[PDB]
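Working notes, beginning with the structure itself.
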Amino acid sequence: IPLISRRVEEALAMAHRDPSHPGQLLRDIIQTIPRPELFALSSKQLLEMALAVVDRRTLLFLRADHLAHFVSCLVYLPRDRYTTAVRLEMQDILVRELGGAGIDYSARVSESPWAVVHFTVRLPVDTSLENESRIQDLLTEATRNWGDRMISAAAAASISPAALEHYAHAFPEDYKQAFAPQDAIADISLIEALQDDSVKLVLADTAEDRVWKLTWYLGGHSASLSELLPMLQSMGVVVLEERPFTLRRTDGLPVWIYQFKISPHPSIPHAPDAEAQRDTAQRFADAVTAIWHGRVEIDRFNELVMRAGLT
Amino acid sequence: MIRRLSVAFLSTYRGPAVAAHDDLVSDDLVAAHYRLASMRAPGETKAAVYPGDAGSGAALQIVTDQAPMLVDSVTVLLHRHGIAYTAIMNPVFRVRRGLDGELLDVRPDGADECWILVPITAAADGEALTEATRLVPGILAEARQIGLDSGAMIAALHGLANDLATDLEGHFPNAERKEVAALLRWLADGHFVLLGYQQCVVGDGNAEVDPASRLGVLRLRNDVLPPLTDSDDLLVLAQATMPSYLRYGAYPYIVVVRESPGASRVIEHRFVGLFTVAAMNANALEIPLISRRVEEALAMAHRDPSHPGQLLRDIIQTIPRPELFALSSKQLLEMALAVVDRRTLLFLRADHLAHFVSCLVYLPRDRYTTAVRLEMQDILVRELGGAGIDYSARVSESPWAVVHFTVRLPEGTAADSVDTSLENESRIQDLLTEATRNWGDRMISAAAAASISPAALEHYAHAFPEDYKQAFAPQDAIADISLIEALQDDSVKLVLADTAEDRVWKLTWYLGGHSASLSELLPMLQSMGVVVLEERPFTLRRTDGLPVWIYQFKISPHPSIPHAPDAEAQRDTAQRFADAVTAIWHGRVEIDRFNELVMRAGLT
C-alpha cells in the first residue's frame with residue numbers, strides 16, 4: 001500500500017534509532033494490526049504504539065470507531081502466559097463487557113516479552129478509561145495460573161515468604177485442579193497448624209439441602225478409608241463420598257486430606273439457626289477428634305451427640 | 001566531586017523505572033569505581049564487584065575504552081549467567097590520563113572512556129557474579145577489536161564482492177558469481193554484522209588460517225575452523241561453535257566463499273557474524289540467491305497441475321531464513337512436498353560442520369504451549385543426543401506455529417554420526433504429534449480403532465469430566481467407555497486387576513445409574529477378608545444421559561489370604577470374587593466373615 005509503506009518506514013527510522021527496540025520485532029508486532037484503522041494513524045501515532053513497548057500484568061486499550069460499529073481492542077500480556085483458551089475467555093470477556101455481536105482477532109507473537117492481539121468487536125460506546133481498566137483486570141486473572149492466583153491471595157496473608165514459596169510448588173497438581181486459588185490460603189493455614197499424627201476437622205454445609213461438606217486433615221500419617229468411616233458412621237450421618245489428597249509441608253511433613261460429602265440420617269434434627277449449626281459442628285469436631293485419638297468406643301450411642309445435642 | 005559523576009549515570013538509566021533515583025546510586029558506589037579506575041591501563045577493561053553497603057544491593061562497576069555495544073554484551077553476559085540486574089547505566093566520559101596509568105580529568109582533548117555501573121539485586125549467587133566479573137574484560141576487548149576493525153571488515157566485504165561481480169581471474173568457479181556478489185552487497189546494506197574475518201587456505205582436506213587477514217574477534221580467538229567449502233560450492237553457510245557474547249540469540253553464522261588462485265591452492269574467505277533483524281524478516285524474494293532457487297522450484301510447482309503456486313509459496317515464506325542456503329531447489333521440492341503431505345511436521349538437516357542440527361517443527365497454533373516447547377526440546381535433545389538447544393518462537397495468525405530449534409552437538413562429532421535420514425526424521429516427528437495431543441483427542445484417536453458409534457464417541461469426548469481427564473490416560477478411555485456403555489439401570493460391574501506393587505490390588509467398581517455412599521459398600525468388601533486401602537470416586541453422564549459412578553479401589557488382602565500360584569488361579573479367584581460381590585450388592589447373601597471363605601478355600 002503506498003501511504004502505508006510511507007508511515008511504516010517513517011516509524012521504522014525511530015525504531016532502529018533506539019538501540020534496544022528491534023526492527024523486525026515491532027515490524028511483526030505491526031503486520032498483524034488490521035487494515036481499516038491503518039489510515040487514521042500517523043507515524044507519531046505509530047511511535048505511540050512503539051514507545052508503548054518501552055514499558056507481569058495485562059494492559060488493554062479501547063477506542064470507539066468514528067462509526068461506532070466496531071470497538072478496536074488491544075491487549076498486552078506475558079508471552080509465556082497466552083493460550084488459545086485465554087484468547088477465548090478474553091474474547092468472551094470482551095464480547096460480554098462490550099456487548100458484541102461478533103469478534104475477530106489477529107494473533108501476533110514473537111520473541112517479544114508481551115504477546116499482542118488486536119480484537120475488533122462487531123456492534124449491532126462506553127470507551128471511558130474508567131470502564132477501560134476494569135475489564136483490563138478481567139484479563140489479568142484470565143491469564144493467572146492457579147499457583148500465581150494462590151500466591152496473590154496470600155499476599156494479603158501474613159504468612160512467611162519462605163513457606164509461601166515452598167507451598168507454591170509443594171501443592172500437588174490434583175489439588176490445583178480440584179480446588180480454587182482462594183481455598184489455598186485456608187488450606188495452607190490449617191496445614192501449617194498441624195502437629196505430628198494430629199487431626200483437625202472442619203465442617204461446613206455444601207451448596208445443597210441436607211448435604212454437608214467435612215474436611216479432615218490428618219497431620220503426619222495417612223489413614224485408610226477402611227477405619228475412619230466406622231467412626232463417622234457412628235455419628236448417625238450417612239457418608240456419601242470422599243476424595244483424598246496427600247502433600248508435603250513447609251517442614252517436609254506429609255499431610256493427608258479427606259473431603260467428605262455427607263448427609264445425616266433423616267431422623268437427625270435440622271438446625272434452627274446458624275448459631276445452632278455452629279455449636280453442633282464444634283461439638284462434633286470435639287467428639288470425632290476424641291474418636292480418632294481413641295478416647296471413646298465406636299457404637300451408635302455416639303449418635304446421641306447428633307440427636308440430643310450432647311458432648 | 002562526587003556529584004557530577006552520579007548525574008551522568010542516571011541520565012542513561014533504562015529499564016531492563018527512574019524511581020528511587022538516589023536509592024539505586026549512592027556516593028559509595030561512586031567511590032568504588034573511582035577506586036577501580038584509580039590506576040588503569042590503555043585498552044584495559046577494569047571490572048570490580050562492589051558488594052553493597054547498608055542500602056543498595058550488590059553492584060558492578062567497569063572502566064574501559066568507549067567501544068561499540070559494550071552495554072549489549074554486558075546484558076547478554078548477565079542473562080546467559082542468570083544474573084538478576086535491577087538497573088544499568090553507561091555514562092561515557094572524555095578522560096585525559098597520565099603516562100603511568102592515572103586519570104587526571106573526567107568530563108562528559110583527551111580520550112573517551114565508558115564507566116559502567118549495574119546494581120544487582122541481593123538475590124544473586126556469589127560464584128556466577130565472580131564468573132561474569134572475570135569474563136568482562138575479554139569480551140569487552142572483543143567488542144573493542146570489532147569497533148576498530150569495523151571499516152576494515154566492511155571494505156574486505158566490498159572488495160570480495162567487486163571480485164565476484166567481475167571475477168576475471170578465474171578465481172571463483174561458479175555461475176552465481178554475480179548473484180553471490182549482489183547478496184554480499186545486500187547483507188552489507190544493513191543485513192549482517194561482522195564480528196571477525198579470516199582467510200583460510202585449503203589443501204589435503206585441511207584448512208590453515210591466514211593470520212594477517214584476521215580482523216575483529218578472530219584476532220583474539222585461536223579457532224581455526226575446518227574446510228567449509230566442497231569443490232563446487234562458491235558459497236556456504238555454517239554456524240559458529242562459539243557464543244558471540246555480543247548480542248542475544250543464535251550463535252554466530254560463518255559465511256564462506258571459496259576462491260581458487262592456482263590449480264593446487266584453495267583459499268576460503270571466512271566472515272563470522274550475525275543476522276540483523278530487519279534482514280531476518282526481509283521478503284524472501286529480495287535475497288539474490290534465494291529468489292533464484294525459489295523460482296527454480298516454482299517451475300516444477302506450476303508443472304504439476306494439482307500443486308498450486310502461491311499455496312506452496314505461502315508454505316515457503318514462513319520457512320525461516322538461516323537454513324535457506326543449504327537447500328538447493330532439488331531439496332526445495334522435498335521441503336514443499338514434505339509440507340504438502342492437524343499433524344506435526346518436522347525437518348532436519350545436518351550442518352556442514354555437524355555441530356548443530358537445524359530442526360524445524362509445524363503444528364496447529366491453538367496447540368502450542370511453552371510446555372510443548374519443553375517436551376519437544378527434550379524429545380529433540382534426547383532423540384538427537386543434544387548438549388544444548390535453542391529456539392526462536394514464531395507465531396502469527398497463521399494456522400501452524402513455527403519454531404526453529406538449533407541443537408548444540410558435543411564438539412568432536414562428524415557429519416556422519418548425524419542420522420539426518422528421513423527415516424529417523426519422521427519417527428521423532430510423531431513424538432511431537434502426541435506431545436501436542438490433548439487427552440481428549442488422544443482418546444478419540446485410540447477409539448478410532450474401536451468399533452463404537454461416532455455419535456457416542458462425540459458425546460463421550462466432552463461428557464468425560466475433567467477430573468477423569470487428569471486422573472487417567474487417553475488409552476484407558478476406550479475400556480472405560482465400553483464398560484459404561486455395557487451398564488444397565490442400577491447395575492453393577494466389577495473388574496479386578498493387580499496394581500504395580502506386591503500384594504496390592506486395584507478394583508474398579510462401576511455403578512450403573514445411581515450413586516452409592518462410601519458408608520455401605522465397604523462392609524461388603526471388608527467381609528471379603530481383604531483390607532481396603534483407598535478409594536477414588538468419579539461421576540459422569542452416559543451417551544444416553546444415564547449418570548454412572550466409578551469407584552477405584554487400592555486394596556490389599558489380609559496376610560493370611562493365600563497367594564496365586566499362576567495367573568490362571570488369580571483369574572479364577574477374581575471372577576468368583578466378581579460374582580460374589582455382585583451378589584452382595586444385589587442383596588443375594590448376608591454380610592459376615594463367612595464370605596471370607598471365598599478368598600481362603602476358593603469357593604463360590
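Every residue, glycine among them, receives a Cβ derived from its backbone with ideal geometry; neighbour counts consider all protein chains shown. Where a number appears in this text, it was derived from the coordinates with a stated rule and is not lab data.
Assorted remarks:
- Qualifying residues in region B:452-464 (those that are part of a helix (DSSP H, G or I) and aliphatic (A, V, I, L, M)) - the one surrounded by the most Cβ atoms within 10 Å (Cβ to Cβ): B:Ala456
- The C-beta contact set for region B:538-555 (first residue of a type in the set (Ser, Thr, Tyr), second residue surrounded by 15 or more Cβ atoms within 10 Å (Cβ to Cβ), distance under 7 angstrom, 6+ apart or interchain) comprises B:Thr539/B:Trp549; B:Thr543/B:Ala456; B:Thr543/B:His459; B:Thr543/B:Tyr460; B:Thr543/B:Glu485; B:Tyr551/B:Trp509; B:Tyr551/B:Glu535; B:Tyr551/B:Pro537.
- Condition check for B:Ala282: outside any helix (DSSP H, G or I), among the small types (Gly, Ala, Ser), under 29 Å from the mean Cα position of the chain (by Cα) and closer than 15 Å to B:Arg321 by Cβ: yes
- The set of residues in region B:465-480 that are assigned to a loop (DSSP other than H, G, I, E, B) and within 14 Å of chain A (Cβ to nearest Cβ) comprises B:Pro465, B:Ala471, B:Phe472.
- Only one of B:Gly101, B:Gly57, B:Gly15 that is touching a strand residue (DSSP E or B) at 6+ places or on another chain (Cβ under 7 Å) and assigned to a loop (DSSP other than H, G, I, E, B): B:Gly57
- Positions within region A:231-247 being within 7 Å of chain B (Cβ to nearest Cβ) and under 29 Å from the mean Cα position of the chain (by Cα), in sequence order: A:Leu240, A:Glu241, A:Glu242, A:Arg243, A:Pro244
- Pick from region A:15-45, criterion more than 14 Å from chain B (Cβ to nearest Cβ) and in contact with a helix residue (DSSP H, G or I) (Cβ under 6 Å, 6 or more places away or on another chain), ranking: surrounded by the fewest Cβ atoms within 10 Å (Cβ to Cβ): A:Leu38
- Candidate set: region A:248-276, residues that are assigned to a strand (DSSP E or B) and polar (S, T, N, Q); chosen: the one nearest to the chain's Cα centre (by Cα): A:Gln259
- Restricting region A:114-126 to residues that are more than 14 Å from chain B (Cβ to nearest Cβ) and not aliphatic (A, V, I, L, M) leaves a set whose member that is surrounded by the fewest Cβ atoms within 10 Å (Cβ to Cβ) is A:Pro124.
- Leading residue by the ranking (nearest to A:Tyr167 (Cα to Cα)) among those in region A:184-208 that are among the hydroxyl-bearing types (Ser, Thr, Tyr) and within 22 Å of the chain's Cα centre (by Cα): A:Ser189
- Of the residues making up region B:494-533, those that are hydrophobic (A, V, I, L, M, F, W, C), outside any strand (DSSP E or B) and more than 14 Å from every other protein chain (Cβ to nearest Cβ) number 1.
- From the options A:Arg87, A:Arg96, A:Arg81, residue that is basic (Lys, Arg) and more than 10 Å from chain B (Cβ to nearest Cβ): A:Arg96
- Only one of the listed residues (A:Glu111, A:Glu89, A:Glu48) is surrounded by 14 or more Cβ atoms within 10 Å (Cβ to Cβ) and part of a helix (DSSP H, G or I). That residue is A:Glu89.
- The strands (runs of 3 or more DSSP E) located wholly in region B:152-241 that include 1 or more residues which are in contact with a helix residue (DSSP H, G or I) (Cβ under 6 Å, 6 or more places away or on another chain) and surrounded by 16 or more Cβ atoms within 10 Å (Cβ to Cβ) occupy B:193-203, B:235-239.
- Considering region B:267-304, the residues that are among the β-branched types (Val, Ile, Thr) and within 13 Å of another protein chain (Cβ to nearest Cβ) include one that is nearest to B:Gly203 (Cα to Cα), namely B:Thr276.
- Scanning region B:365-404 for residues that are farther than 17 Å from A:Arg108 by Cβ, in contact with a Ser or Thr (Cβ under 9 Å, 6 or more places away or on another chain) and within 14 Å of another protein chain (Cβ to nearest Cβ) yields a count of 6.
- Within region A:99-113, the set of residues being more than 14 Å from chain B (Cβ to nearest Cβ) and of a type outside the set (A, V, I, L, M) comprises A:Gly99, A:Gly100, A:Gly102.
- Check on B:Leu337, away from every other protein chain (no Cβ under 14 Å), hydrophobic (A, V, I, L, M, F, W, C), touching an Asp or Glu at 6+ places or on another chain (Cβ under 7 Å) and closer than 30 Å to B:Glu295 by Cβ: no
- For A:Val8: the one exception among (1) within 14 Å of chain B (Cβ to nearest Cβ); (2) within 37 Å of the chain's Cα centre (by Cα); (3) surrounded by 12 or more Cβ atoms within 10 Å (Cβ to Cβ): (2)
- Subset tally (residues that are of a type in the set (D, E, K, R) and away from every other protein chain (no Cβ under 14 Å)) for region A:158-196: 4
- Test: residue in region B:498-506 that is buried (at least 17 other Cβ atoms within 10 Å of the Cβ), of a type in the set (S, T, N, Q) and within 27 Å of B:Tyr468 (Cβ to Cβ): no
So that you can scan it fast, the table gives a plain yes or no per residue for (1) crowded, with 17+ Cβ neighbours inside 10 Å; (2) under 30 Å from B:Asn206 (Cα atoms); (3) in contact with a helix residue (DSSP H, G or I) (Cβ under 7 Å, 6 or more places away or on another chain):
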site: B:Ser329; (1), (2), (3): yes, yes, yes
site: B:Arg349; (1), (2), (3): yes, yes, yes
site: B:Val361; (1), (2), (3): yes, no, yes
site: B:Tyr368; (1), (2), (3): yes, no, no
site: B:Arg373; (1), (2), (3): yes, no, no
site: B:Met376; (1), (2), (3): yes, no, yes
site: B:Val395; (1), (2), (3): yes, no, yes
